[PDB]
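**Student:** Have a look at this one before I ask anything.
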Amino acid sequence: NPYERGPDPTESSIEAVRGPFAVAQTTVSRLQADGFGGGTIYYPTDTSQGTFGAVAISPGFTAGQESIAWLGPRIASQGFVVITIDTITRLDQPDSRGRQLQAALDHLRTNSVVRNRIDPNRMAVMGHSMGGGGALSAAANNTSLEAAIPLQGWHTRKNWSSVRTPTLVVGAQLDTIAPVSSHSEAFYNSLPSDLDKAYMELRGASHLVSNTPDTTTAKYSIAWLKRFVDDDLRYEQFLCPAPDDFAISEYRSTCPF
């Protein structure tokens, strides 16, 4: 597998606050960003194993990058180029956030610091709340995306039958802002039956669970991105069959992938 990066994984490795790749960062100004509000790019400094897949992450309604910043280096240190974005306005709705995520991914191919560190065929989108609805919107607009991970996603669009991207839907059991019954689980149910997809509900969690480090969110996001952005079979073991972590109150999937 030419996209395999890093040593063979374990539970400890996917839980790591920092994986083996040392991470640096660079800024995209608001004016440099066409179609989004700027962002921070986190990237592995080690180029000796080849190029990396790229991930764009959107915050939710009223939020800046500070609510998603922890994901940037935590994911990048597993071997990914990750951009955490600011939106055009903090009031932007999910469809617009989806366009902004795509614009951020397109920007990485032009950025002088990271354009030669990225494999242009291996990209993914993630987001919190309205940014998670944006991740689903971006996947619906671009069927070549390799992974989509909405965290406590919110969207008025409930039908995702046009998505062709492997999608991990992360819900919070006690979310009152984006209740799983009408948001996260509804999205899972309308994604195609023939898609590689999973729904992971975090026990006892509120809508804000993604705003500060959460090991369960990180470890399964990392395993999902490794499996689908890197085609890394070594990570299938964490996704299929259902993980038994106490922090997970429900897991649904189309395993085996």
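Residue numbering restarts at 1 in every chain; chains get A, B, ... in the order shown in the structure tokens, and ligands count up from 1 in that same order.
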Do a neighbour search on residue A:81 at 6 Å with only C-alpha atoms, toss out local chain neighbours closer than 6 positions, and write the hits as an MDAnalysis selection string.
**Tutor:** chainID A and resid 42:43 54
**Student:** Within 7 Å of residue A:143, counting only C-alpha atoms, which residues qualify if same-chain residues fewer than 6 places away don't, as a ChimeraX atom specification?
**Tutor:** /A:163-165
**Student:** Compare A:13, A:129, A:249, A:221 by their minimum atom-to-atom distance to residue A:183, counting only C-alpha atoms, and give me the closest one.
**Tutor:**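 Nearest candidate to residue A:183 out of A:13, A:129, A:249, A:221: A:129.
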**Student:** Wanna dump the stretch 79-142 of chain A-stretch 212-217 of chain A contacts at 12 Å for me, each residue with its shortest atom pair and the distance in Å to one decimal, counting only C-alpha atoms, ordered by chain and number, as CSV?
**Tutor:**
```
residue,atom,partner,partner_atom,distance
A:126,CA,A:217,CA,11.7
A:127,CA,A:217,CA,12.0
A:128,CA,A:217,CA,11.4
```
**Student:** Could you pull out all residues of stretch 15-229 of chain A with a DSSP call of alpha helix (DSSP H) and give them as a PDB file with N, CA, C and O atoms, in the first residue's frame?
**Tutor:**
```pdb
ATOM      1  N   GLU A  15      -5.199   6.449  20.195  1.00  0.00           N
ATOM      2  CA  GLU A  15      -5.574   7.326  21.305  1.00  0.00           C
ATOM      3  C   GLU A  15      -4.551   8.430  21.562  1.00  0.00           C
ATOM      4  O   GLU A  15      -4.820   9.316  22.383  1.00  0.00           O
ATOM      5  N   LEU A  71      -8.116  19.430  17.121  1.00  0.00           N
ATOM      6  CA  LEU A  71      -8.108  18.332  16.157  1.00  0.00           C
ATOM      7  C   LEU A  71      -6.967  18.455  15.175  1.00  0.00           C
ATOM      8  O   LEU A  71      -6.516  17.445  14.617  1.00  0.00           O
ATOM      9  N   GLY A  72      -6.528  19.686  14.892  1.00  0.00           N
ATOM     10  CA  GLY A  72      -5.564  19.920  13.839  1.00  0.00           C
ATOM     11  C   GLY A  72      -4.289  19.129  14.016  1.00  0.00           C
ATOM     12  O   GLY A  72      -3.942  18.270  13.201  1.00  0.00           O
ATOM     13  N   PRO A  73      -3.570  19.400  15.080  1.00  0.00           N
ATOM     14  CA  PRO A  73      -2.302  18.693  15.282  1.00  0.00           C
ATOM     15  C   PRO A  73      -2.474  17.258  15.747  1.00  0.00           C
ATOM     16  O   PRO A  73      -1.608  16.409  15.461  1.00  0.00           O
ATOM     17  N   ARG A  74      -3.578  16.960  16.454  1.00  0.00           N
ATOM     18  CA  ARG A  74      -3.810  15.589  16.866  1.00  0.00           C
ATOM     19  C   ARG A  74      -3.969  14.678  15.655  1.00  0.00           C
ATOM     20  O   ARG A  74      -3.395  13.583  15.604  1.00  0.00           O
ATOM     21  N   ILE A  75      -4.742  15.119  14.660  1.00  0.00           N
ATOM     22  CA  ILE A  75      -4.856  14.345  13.431  1.00  0.00           C
ATOM     23  C   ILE A  75      -3.592  14.436  12.564  1.00  0.00           C
ATOM     24  O   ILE A  75      -3.142  13.428  12.014  1.00  0.00           O
ATOM     25  N   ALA A  76      -3.004  15.627  12.424  1.00  0.00           N
ATOM     26  CA  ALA A  76      -1.849  15.758  11.535  1.00  0.00           C
ATOM     27  C   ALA A  76      -0.689  14.890  11.989  1.00  0.00           C
ATOM     28  O   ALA A  76       0.059  14.377  11.148  1.00  0.00           O
ATOM     29  N   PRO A  94     -25.093  25.533   6.902  1.00  0.00           N
ATOM     30  CA  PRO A  94     -24.329  24.344   6.469  1.00  0.00           C
ATOM     31  C   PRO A  94     -23.962  24.296   4.988  1.00  0.00           C
ATOM     32  O   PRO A  94     -22.841  23.909   4.658  1.00  0.00           O
ATOM     33  N   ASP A  95     -24.880  24.610   4.077  1.00  0.00           N
ATOM     34  CA  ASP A  95     -24.512  24.532   2.660  1.00  0.00           C
ATOM     35  C   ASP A  95     -23.316  25.424   2.330  1.00  0.00           C
ATOM     36  O   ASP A  95     -22.412  25.026   1.575  1.00  0.00           O
ATOM     37  N   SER A  96     -23.301  26.638   2.870  1.00  0.00           N
ATOM     38  CA  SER A  96     -22.177  27.541   2.661  1.00  0.00           C
ATOM     39  C   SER A  96     -20.904  26.998   3.294  1.00  0.00           C
ATOM     40  O   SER A  96     -19.833  27.039   2.678  1.00  0.00           O
ATOM     41  N   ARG A  97     -21.008  26.434   4.500  1.00  0.00           N
ATOM     42  CA  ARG A  97     -19.816  25.840   5.101  1.00  0.00           C
ATOM     43  C   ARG A  97     -19.269  24.711   4.235  1.00  0.00           C
ATOM     44  O   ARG A  97     -18.058  24.498   4.185  1.00  0.00           O
ATOM     45  N   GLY A  98     -20.146  23.981   3.559  1.00  0.00           N
ATOM     46  CA  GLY A  98     -19.699  22.927   2.654  1.00  0.00           C
ATOM     47  C   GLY A  98     -18.904  23.463   1.479  1.00  0.00           C
ATOM     48  O   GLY A  98     -17.878  22.882   1.099  1.00  0.00           O
ATOM     49  N   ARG A  99     -19.353  24.576   0.893  1.00  0.00           N
ATOM     50  CA  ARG A  99     -18.563  25.227  -0.152  1.00  0.00           C
ATOM     51  C   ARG A  99     -17.223  25.725   0.383  1.00  0.00           C
ATOM     52  O   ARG A  99     -16.203  25.629  -0.306  1.00  0.00           O
ATOM     53  N   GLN A 100     -17.206  26.263   1.602  1.00  0.00           N
ATOM     54  CA  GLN A 100     -15.979  26.760   2.215  1.00  0.00           C
ATOM     55  C   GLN A 100     -14.983  25.641   2.484  1.00  0.00           C
ATOM     56  O   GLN A 100     -13.772  25.842   2.345  1.00  0.00           O
ATOM     57  N   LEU A 101     -15.468  24.470   2.921  1.00  0.00           N
ATOM     58  CA  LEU A 101     -14.567  23.335   3.110  1.00  0.00           C
ATOM     59  C   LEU A 101     -13.897  22.950   1.792  1.00  0.00           C
ATOM     60  O   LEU A 101     -12.693  22.677   1.759  1.00  0.00           O
ATOM     61  N   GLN A 102     -14.674  22.893   0.704  1.00  0.00           N
ATOM     62  CA  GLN A 102     -14.096  22.569  -0.600  1.00  0.00           C
ATOM     63  C   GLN A 102     -13.094  23.637  -1.019  1.00  0.00           C
ATOM     64  O   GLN A 102     -12.020  23.321  -1.550  1.00  0.00           O
ATOM     65  N   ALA A 103     -13.411  24.915  -0.758  1.00  0.00           N
ATOM     66  CA  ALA A 103     -12.477  25.992  -1.097  1.00  0.00           C
ATOM     67  C   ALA A 103     -11.183  25.874  -0.303  1.00  0.00           C
ATOM     68  O   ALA A 103     -10.083  26.138  -0.819  1.00  0.00           O
ATOM     69  N   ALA A 104     -11.289  25.449   0.955  1.00  0.00           N
ATOM     70  CA  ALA A 104     -10.081  25.271   1.762  1.00  0.00           C
ATOM     71  C   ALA A 104      -9.224  24.127   1.220  1.00  0.00           C
ATOM     72  O   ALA A 104      -7.991  24.229   1.172  1.00  0.00           O
ATOM     73  N   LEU A 105      -9.851  23.010   0.831  1.00  0.00           N
ATOM     74  CA  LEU A 105      -9.098  21.915   0.220  1.00  0.00           C
ATOM     75  C   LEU A 105      -8.426  22.375  -1.072  1.00  0.00           C
ATOM     76  O   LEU A 105      -7.253  22.062  -1.304  1.00  0.00           O
ATOM     77  N   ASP A 106      -9.135  23.163  -1.894  1.00  0.00           N
ATOM     78  CA  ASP A 106      -8.542  23.609  -3.147  1.00  0.00           C
ATOM     79  C   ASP A 106      -7.365  24.530  -2.860  1.00  0.00           C
ATOM     80  O   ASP A 106      -6.354  24.512  -3.570  1.00  0.00           O
ATOM     81  N   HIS A 107      -7.464  25.317  -1.792  1.00  0.00           N
ATOM     82  CA  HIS A 107      -6.381  26.213  -1.438  1.00  0.00           C
ATOM     83  C   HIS A 107      -5.112  25.451  -1.079  1.00  0.00           C
ATOM     84  O   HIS A 107      -4.012  25.929  -1.348  1.00  0.00           O
ATOM     85  N   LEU A 108      -5.230  24.275  -0.455  1.00  0.00           N
ATOM     86  CA  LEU A 108      -4.021  23.557  -0.057  1.00  0.00           C
ATOM     87  C   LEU A 108      -3.143  23.225  -1.263  1.00  0.00           C
ATOM     88  O   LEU A 108      -1.912  23.202  -1.143  1.00  0.00           O
ATOM     89  N   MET A 130     -23.039  22.769  12.591  1.00  0.00           N
ATOM     90  CA  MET A 130     -23.296  23.271  11.219  1.00  0.00           C
ATOM     91  C   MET A 130     -22.112  22.961  10.300  1.00  0.00           C
ATOM     92  O   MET A 130     -22.338  22.793   9.103  1.00  0.00           O
ATOM     93  N   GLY A 131     -20.898  22.896  10.846  1.00  0.00           N
ATOM     94  CA  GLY A 131     -19.732  22.500  10.030  1.00  0.00           C
ATOM     95  C   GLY A 131     -19.787  21.033   9.649  1.00  0.00           C
ATOM     96  O   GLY A 131     -19.199  20.674   8.636  1.00  0.00           O
ATOM     97  N   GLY A 132     -20.446  20.212  10.470  1.00  0.00           N
ATOM     98  CA  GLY A 132     -20.642  18.791  10.120  1.00  0.00           C
ATOM     99  C   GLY A 132     -21.679  18.663   9.033  1.00  0.00           C
ATOM    100  O   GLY A 132     -21.519  17.808   8.163  1.00  0.00           O
ATOM    101  N   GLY A 133     -22.723  19.491   9.094  1.00  0.00           N
ATOM    102  CA  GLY A 133     -23.672  19.508   7.968  1.00  0.00           C
ATOM    103  C   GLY A 133     -22.925  19.968   6.732  1.00  0.00           C
ATOM    104  O   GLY A 133     -23.204  19.458   5.652  1.00  0.00           O
ATOM    105  N   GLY A 134     -21.983  20.896   6.915  1.00  0.00           N
ATOM    106  CA  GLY A 134     -21.140  21.344   5.792  1.00  0.00           C
ATOM    107  C   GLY A 134     -20.300  20.211   5.226  1.00  0.00           C
ATOM    108  O   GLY A 134     -20.174  20.127   4.018  1.00  0.00           O
ATOM    109  N   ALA A 135     -19.755  19.352   6.088  1.00  0.00           N
ATOM    110  CA  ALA A 135     -18.965  18.193   5.614  1.00  0.00           C
ATOM    111  C   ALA A 135     -19.842  17.303   4.725  1.00  0.00           C
ATOM    112  O   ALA A 135     -19.385  16.900   3.658  1.00  0.00           O
ATOM    113  N   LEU A 136     -21.076  17.040   5.156  1.00  0.00           N
ATOM    114  CA  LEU A 136     -22.010  16.227   4.337  1.00  0.00           C
ATOM    115  C   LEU A 136     -22.311  16.954   3.021  1.00  0.00           C
ATOM    116  O   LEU A 136     -22.300  16.296   1.983  1.00  0.00           O
ATOM    117  N   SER A 137     -22.577  18.263   3.082  1.00  0.00           N
ATOM    118  CA  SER A 137     -22.827  19.060   1.851  1.00  0.00           C
ATOM    119  C   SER A 137     -21.630  18.967   0.899  1.00  0.00           C
ATOM    120  O   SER A 137     -21.843  18.785  -0.295  1.00  0.00           O
ATOM    121  N   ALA A 138     -20.416  19.081   1.433  1.00  0.00           N
ATOM    122  CA  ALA A 138     -19.205  19.029   0.586  1.00  0.00           C
ATOM    123  C   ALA A 138     -19.102  17.648  -0.072  1.00  0.00           C
ATOM    124  O   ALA A 138     -18.728  17.577  -1.240  1.00  0.00           O
ATOM    125  N   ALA A 139     -19.419  16.592   0.675  1.00  0.00           N
ATOM    126  CA  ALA A 139     -19.393  15.230   0.106  1.00  0.00           C
ATOM    127  C   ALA A 139     -20.465  15.095  -0.984  1.00  0.00           C
ATOM    128  O   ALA A 139     -20.195  14.474  -2.007  1.00  0.00           O
ATOM    129  N   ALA A 140     -21.635  15.687  -0.771  1.00  0.00           N
ATOM    130  CA  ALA A 140     -22.692  15.620  -1.802  1.00  0.00           C
ATOM    131  C   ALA A 140     -22.247  16.386  -3.054  1.00  0.00           C
ATOM    132  O   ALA A 140     -22.617  15.964  -4.144  1.00  0.00           O
ATOM    133  N   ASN A 141     -21.462  17.451  -2.892  1.00  0.00           N
ATOM    134  CA  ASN A 141     -21.022  18.287  -4.040  1.00  0.00           C
ATOM    135  C   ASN A 141     -19.784  17.682  -4.712  1.00  0.00           C
ATOM    136  O   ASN A 141     -19.508  18.055  -5.859  1.00  0.00           O
ATOM    137  N   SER A 184     -28.009  13.630  13.401  1.00  0.00           N
ATOM    138  CA  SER A 184     -27.020  12.564  13.159  1.00  0.00           C
ATOM    139  C   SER A 184     -27.620  11.239  12.687  1.00  0.00           C
ATOM    140  O   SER A 184     -27.215  10.682  11.655  1.00  0.00           O
ATOM    141  N   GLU A 185     -28.556  10.667  13.451  1.00  0.00           N
ATOM    142  CA  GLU A 185     -29.077   9.321  13.068  1.00  0.00           C
ATOM    143  C   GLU A 185     -29.909   9.421  11.788  1.00  0.00           C
ATOM    144  O   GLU A 185     -29.852   8.490  10.982  1.00  0.00           O
ATOM    145  N   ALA A 186     -30.655  10.509  11.619  1.00  0.00           N
ATOM    146  CA  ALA A 186     -31.391  10.704  10.370  1.00  0.00           C
ATOM    147  C   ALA A 186     -30.452  10.749   9.169  1.00  0.00           C
ATOM    148  O   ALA A 186     -30.762  10.192   8.106  1.00  0.00           O
ATOM    149  N   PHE A 187     -29.295  11.412   9.310  1.00  0.00           N
ATOM    150  CA  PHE A 187     -28.329  11.433   8.221  1.00  0.00           C
ATOM    151  C   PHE A 187     -27.812  10.025   7.949  1.00  0.00           C
ATOM    152  O   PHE A 187     -27.706   9.608   6.789  1.00  0.00           O
ATOM    153  N   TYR A 188     -27.457   9.284   9.014  1.00  0.00           N
ATOM    154  CA  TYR A 188     -26.977   7.919   8.823  1.00  0.00           C
ATOM    155  C   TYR A 188     -27.996   7.089   8.052  1.00  0.00           C
ATOM    156  O   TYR A 188     -27.635   6.346   7.125  1.00  0.00           O
ATOM    157  N   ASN A 189     -29.281   7.213   8.411  1.00  0.00           N
ATOM    158  CA  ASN A 189     -30.314   6.381   7.794  1.00  0.00           C
ATOM    159  C   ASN A 189     -30.540   6.714   6.330  1.00  0.00           C
ATOM    160  O   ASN A 189     -30.985   5.848   5.563  1.00  0.00           O
ATOM    161  N   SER A 190     -30.271   7.957   5.908  1.00  0.00           N
ATOM    162  CA  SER A 190     -30.511   8.311   4.519  1.00  0.00           C
ATOM    163  C   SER A 190     -29.275   8.221   3.635  1.00  0.00           C
ATOM    164  O   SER A 190     -29.414   8.264   2.409  1.00  0.00           O
ATOM    165  N   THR A 215     -11.028  11.728  23.620  1.00  0.00           N
ATOM    166  CA  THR A 215     -10.264  10.611  23.077  1.00  0.00           C
ATOM    167  C   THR A 215     -11.077   9.731  22.140  1.00  0.00           C
ATOM    168  O   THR A 215     -10.545   9.275  21.121  1.00  0.00           O
ATOM    169  N   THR A 216     -12.345   9.431  22.480  1.00  0.00           N
ATOM    170  CA  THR A 216     -13.158   8.573  21.619  1.00  0.00           C
ATOM    171  C   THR A 216     -13.371   9.201  20.247  1.00  0.00           C
ATOM    172  O   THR A 216     -13.211   8.527  19.218  1.00  0.00           O
ATOM    173  N   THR A 217     -13.693  10.495  20.210  1.00  0.00           N
ATOM    174  CA  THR A 217     -13.828  11.195  18.935  1.00  0.00           C
ATOM    175  C   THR A 217     -12.539  11.132  18.141  1.00  0.00           C
ATOM    176  O   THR A 217     -12.557  10.825  16.947  1.00  0.00           O
ATOM    177  N   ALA A 218     -11.405  11.393  18.792  1.00  0.00           N
ATOM    178  CA  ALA A 218     -10.133  11.414  18.073  1.00  0.00           C
ATOM    179  C   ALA A 218      -9.746  10.034  17.554  1.00  0.00           C
ATOM    180  O   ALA A 218      -9.338   9.893  16.399  1.00  0.00           O
ATOM    181  N   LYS A 219      -9.849   9.002  18.390  1.00  0.00           N
ATOM    182  CA  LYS A 219      -9.305   7.708  17.987  1.00  0.00           C
ATOM    183  C   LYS A 219     -10.073   7.135  16.805  1.00  0.00           C
ATOM    184  O   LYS A 219      -9.464   6.567  15.884  1.00  0.00           O
ATOM    185  N   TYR A 220     -11.399   7.327  16.780  1.00  0.00           N
ATOM    186  CA  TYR A 220     -12.183   6.756  15.689  1.00  0.00           C
ATOM    187  C   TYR A 220     -12.192   7.634  14.454  1.00  0.00           C
ATOM    188  O   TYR A 220     -12.245   7.106  13.338  1.00  0.00           O
ATOM    189  N   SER A 221     -12.044   8.943  14.626  1.00  0.00           N
ATOM    190  CA  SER A 221     -11.800   9.803  13.469  1.00  0.00           C
ATOM    191  C   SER A 221     -10.485   9.435  12.802  1.00  0.00           C
ATOM    192  O   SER A 221     -10.418   9.311  11.573  1.00  0.00           O
ATOM    193  N   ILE A 222      -9.431   9.230  13.593  1.00  0.00           N
ATOM    194  CA  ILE A 222      -8.139   8.843  13.037  1.00  0.00           C
ATOM    195  C   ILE A 222      -8.235   7.490  12.337  1.00  0.00           C
ATOM    196  O   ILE A 222      -7.760   7.325  11.211  1.00  0.00           O
ATOM    197  N   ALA A 223      -8.872   6.502  12.972  1.00  0.00           N
ATOM    198  CA  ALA A 223      -8.982   5.201  12.317  1.00  0.00           C
ATOM    199  C   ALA A 223      -9.787   5.299  11.027  1.00  0.00           C
ATOM    200  O   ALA A 223      -9.445   4.649  10.031  1.00  0.00           O
ATOM    201  N   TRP A 224     -10.854   6.105  11.020  1.00  0.00           N
ATOM    202  CA  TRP A 224     -11.657   6.259   9.809  1.00  0.00           C
ATOM    203  C   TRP A 224     -10.837   6.908   8.689  1.00  0.00           C
ATOM    204  O   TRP A 224     -10.846   6.449   7.535  1.00  0.00           O
ATOM    205  N   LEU A 225     -10.136   8.007   9.010  1.00  0.00           N
ATOM    206  CA  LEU A 225      -9.316   8.668   7.992  1.00  0.00           C
ATOM    207  C   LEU A 225      -8.190   7.759   7.493  1.00  0.00           C
ATOM    208  O   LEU A 225      -7.920   7.704   6.291  1.00  0.00           O
ATOM    209  N   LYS A 226      -7.558   6.989   8.382  1.00  0.00           N
ATOM    210  CA  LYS A 226      -6.538   6.055   7.926  1.00  0.00           C
ATOM    211  C   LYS A 226      -7.134   5.006   6.986  1.00  0.00           C
ATOM    212  O   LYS A 226      -6.574   4.712   5.910  1.00  0.00           O
ATOM    213  N   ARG A 227      -8.280   4.422   7.364  1.00  0.00           N
ATOM    214  CA  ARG A 227      -8.879   3.361   6.543  1.00  0.00           C
ATOM    215  C   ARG A 227      -9.275   3.868   5.155  1.00  0.00           C
ATOM    216  O   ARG A 227      -9.047   3.189   4.145  1.00  0.00           O
ATOM    217  N   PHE A 228      -9.854   5.062   5.083  1.00  0.00           N
ATOM    218  CA  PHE A 228     -10.463   5.509   3.832  1.00  0.00           C
ATOM    219  C   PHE A 228      -9.665   6.541   3.074  1.00  0.00           C
ATOM    220  O   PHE A 228      -9.732   6.541   1.845  1.00  0.00           O
ATOM    221  N   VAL A 229      -8.910   7.408   3.750  1.00  0.00           N
ATOM    222  CA  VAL A 229      -8.051   8.347   3.013  1.00  0.00           C
ATOM    223  C   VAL A 229      -6.723   7.706   2.615  1.00  0.00           C
ATOM    224  O   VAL A 229      -6.148   8.069   1.569  1.00  0.00           O
TER     225      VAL A 229
END
```
**Student:** Please list as number ranges by chain every residue within 10 Å of residue A:209, counting only C-alpha atoms and excluding residues in the same chain fewer than 5 positions away.
**Tutor:** A: 128, 151-152, 171-172, 175, 202, 204, 214, 217
**Student:** For the residues selected in the previous step, produce a file with C-alpha atoms as a compact mmCIF listing (two decimals), in the first residue's frame.
**Tutor:**
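Result file result21.txt:
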```txt
# COMPACT_ATOMS: atom_id res chain seq x y z
CA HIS A 128 -18.72 20.31 14.16
CA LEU A 151 -19.35 15.63 14.59
CA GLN A 152 -22.76 16.41 16.23
CA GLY A 171 -23.46 11.83 17.57
CA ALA A 172 -23.71 12.99 21.21
CA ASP A 175 -27.36 16.60 22.39
CA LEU A 202 -20.94 9.13 22.54
CA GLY A 204 -23.75 10.95 28.04
CA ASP A 214 -12.25 13.81 23.47
CA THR A 217 -13.83 11.20 18.94
```
**Student:** Could you list, with a cut-off of 12 Å and counting only C-alpha atoms, the residues of stretch 79-156 of chain A near stretch 20-23 of chain A, each shown with its nearest atom pair and the distance in Å rounded to one decimal, rows sorted by chain and ascending number, as JSON lines?
**Tutor:**
```
{"residue": "A:79", "atom": "CA", "partner": "A:21", "partner_atom": "CA", "distance": 6.1}
{"residue": "A:80", "atom": "CA", "partner": "A:21", "partner_atom": "CA", "distance": 9.0}
{"residue": "A:81", "atom": "CA", "partner": "A:23", "partner_atom": "CA", "distance": 9.2}
{"residue": "A:82", "atom": "CA", "partner": "A:23", "partner_atom": "CA", "distance": 10.2}
```
**Student:** Using only C-alpha atoms, what does the table of stretch 119-210 of chain A residues within 10 Å of stretch 230-233 of chain A look like, with each row giving the shortest atom pair and its distance in Å to one decimal, sorted by chain and ascending number, as JSON lines?
**Tutor:**
```
{"residue": "A:122", "atom": "CA", "partner": "A:230", "partner_atom": "CA", "distance": 7.3}
{"residue": "A:123", "atom": "CA", "partner": "A:230", "partner_atom": "CA", "distance": 9.5}
{"residue": "A:146", "atom": "CA", "partner": "A:230", "partner_atom": "CA", "distance": 8.9}
```
**Student:** Keeping only N, CA, C and O atoms, take the residues you just selected and write them out as a PDB file, in the first residue's frame.
**Tutor:**
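Output saved as result_37.pdb:
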```
ATOM      1  N   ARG A 122      -6.432  12.286  -2.534  1.00  0.00           N
ATOM      2  CA  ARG A 122      -6.821  11.716  -1.214  1.00  0.00           C
ATOM      3  C   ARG A 122      -7.201  12.833  -0.238  1.00  0.00           C
ATOM      4  O   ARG A 122      -6.326  13.318   0.474  1.00  0.00           O
ATOM      5  N   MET A 123      -8.479  13.202  -0.214  1.00  0.00           N
ATOM      6  CA  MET A 123      -8.908  14.347   0.623  1.00  0.00           C
ATOM      7  C   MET A 123     -10.154  13.995   1.441  1.00  0.00           C
ATOM      8  O   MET A 123     -10.903  13.100   1.037  1.00  0.00           O
ATOM      9  N   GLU A 146     -12.705  11.275  -0.122  1.00  0.00           N
ATOM     10  CA  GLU A 146     -12.484   9.884   0.339  1.00  0.00           C
ATOM     11  C   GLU A 146     -13.051   9.642   1.735  1.00  0.00           C
ATOM     12  O   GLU A 146     -13.250   8.471   2.059  1.00  0.00           O
TER      13      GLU A 146
END
```
**Student:** With distances taken over only C-alpha atoms, which residue among A:194, A:61, A:51, A:170 lies nearest residue A:121?
**Tutor:** A:51
**Student:** Taking into account only C-alpha atoms, which residue in the set A:55, A:16, A:178, A:85 is nearest to residue A:34?
**Tutor:**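 Checking each candidate against residue A:34, we get A:85 as the closest.
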**Student:** Counting only C-alpha atoms, which residue out of A:169, A:33, A:41, A:205 sits closest to residue A:253?
**Tutor:**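 Selected residue with least distance to residue A:253: A:169.
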**Student:** With a distance cut-off of 9 Å and only C-alpha atoms, select the neighbouring residues of residue A:257, excluding the residue or stretch itself and same-chain residues fewer than 4 positions from it, and output the selection as a PDB file with N, CA, C and O atoms, in the first residue's frame.
**Tutor:**
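Output file selection-v5.pdb follows:
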```pdb
ATOM      1  N   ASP A 196     -20.023   2.613   2.552  1.00  0.00           N
ATOM      2  CA  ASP A 196     -19.302   2.330   3.788  1.00  0.00           C
ATOM      3  C   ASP A 196     -19.588   3.474   4.750  1.00  0.00           C
ATOM      4  O   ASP A 196     -19.210   4.625   4.500  1.00  0.00           O
ATOM      5  N   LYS A 197     -20.285   3.179   5.838  1.00  0.00           N
ATOM      6  CA  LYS A 197     -20.721   4.230   6.750  1.00  0.00           C
ATOM      7  C   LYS A 197     -20.811   3.649   8.150  1.00  0.00           C
ATOM      8  O   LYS A 197     -20.907   2.424   8.352  1.00  0.00           O
ATOM      9  N   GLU A 236      -8.655  -1.243   9.797  1.00  0.00           N
ATOM     10  CA  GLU A 236      -9.980  -1.848   9.763  1.00  0.00           C
ATOM     11  C   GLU A 236     -10.336  -2.495  11.095  1.00  0.00           C
ATOM     12  O   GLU A 236     -11.508  -2.463  11.499  1.00  0.00           O
ATOM     13  N   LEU A 239     -12.547  -0.521  13.438  1.00  0.00           N
ATOM     14  CA  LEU A 239     -13.845  -0.081  12.940  1.00  0.00           C
ATOM     15  C   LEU A 239     -14.838  -1.207  12.783  1.00  0.00           C
ATOM     16  O   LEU A 239     -16.044  -0.952  12.864  1.00  0.00           O
ATOM     17  N   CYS A 240     -14.363  -2.430  12.563  1.00  0.00           N
ATOM     18  CA  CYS A 240     -15.244  -3.578  12.332  1.00  0.00           C
ATOM     19  C   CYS A 240     -14.667  -4.749  13.112  1.00  0.00           C
ATOM     20  O   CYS A 240     -13.467  -5.058  12.967  1.00  0.00           O
TER      21      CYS A 240
END
```
**Student:** Of the residues A:201, A:234, A:66, A:4, which is the one nearest to residue A:246, using only C-alpha atoms?
**Tutor:** A:201
**Student:** Just the number, please: distance in Å from atom CA of residue A:44 to atom CA of residue A:116, one decimal.
**Tutor:**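 We find that atom CA of residue A:44 and atom CA of residue A:116 lie 11.9 Å from each other.
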